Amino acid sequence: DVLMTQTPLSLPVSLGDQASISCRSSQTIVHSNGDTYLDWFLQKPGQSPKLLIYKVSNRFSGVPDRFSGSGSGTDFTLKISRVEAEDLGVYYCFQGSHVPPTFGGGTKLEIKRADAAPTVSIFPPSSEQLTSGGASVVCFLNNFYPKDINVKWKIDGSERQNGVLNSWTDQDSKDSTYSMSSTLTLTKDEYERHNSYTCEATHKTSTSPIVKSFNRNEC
């Protein structure tokens, strides 16, 4: 099959900026009839994809002047001269010259804002859950930017990956920040065998990793 590669995965832009998205194919996308079937789509949340550009550079009807496509062979580019609010979403390139037709992984267009440090919170397991034999320790890291963040869980000083479940929200429409939830779930049994449960995050807004801890013997 032909592998379509898009770069970047996420693109932070300010309203009014010029955006350019790259799409590379693993082999030539030129059809035997001389044409190149490289298309571009925009998908906004809760909606289905919408055709923007067909056959490398033709604008589909109703599509504003700001969008333009170019490229040839294996390298193609989509360009948005002026990024408006309605352009936020995920852009996909697609090759229809060869079977099977394939899509690129997508490039998310997000709003740039000032760097913001996360507000971290840690929660011990509730008595209700411990009564069931389970023990989840929850860590919320809210309203930070950029989205790049690294969270590690440490129990009595040792890193633990087993039983960790992370979920990230999309960009907040109000303040343009991101929030993340990280849950370390173990058993009541092992939970009572350890003392220090630490949620530590590394983010560019701080040199020292941001730590938040809960000690079962200080409750």
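Counting begins at 1, following the sequence as shown.
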Response to the item:
Quick note on 47-55 and 188-196: per-entry mean CA temperature factor is higher in 188-196
Item to complete: Between 38-46 and 152-160, name whichever shows the higher mean Cα B factor according to the PDB entry.
Response: 152-160
Response to the item:
For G133, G89, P100, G105, the deposited C-alpha B-factor is largest at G133
Worksheet item: What's the residue among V30, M180, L165, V63 with the greatest CA temperature factor in the PDB record?
Response: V63
Practice prompt. Can you work out whether the C-alpha temperature factor of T205 puts it in the lowest, middle or highest third of the chain?
Written response: lowest
Worksheet item: What third of its chain's C-alpha B-factors does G96 belong to: lowest, middle or highest?
Response: lowest
Practice prompt. Going by the recorded CA B-factors, say which third of the chain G73 sits in, lowest, middle or highest.
Written response: highest
Item to complete: Looking at the entry's B-factor column for C-alpha atoms only, identify whether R82 ranks in the lowest, middle or highest third of its chain.
Response: highest
Discussion item. Is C219 in the lowest, middle or highest third of its chain when residues are ranked by C-alpha B-factor?
Written reply: highest
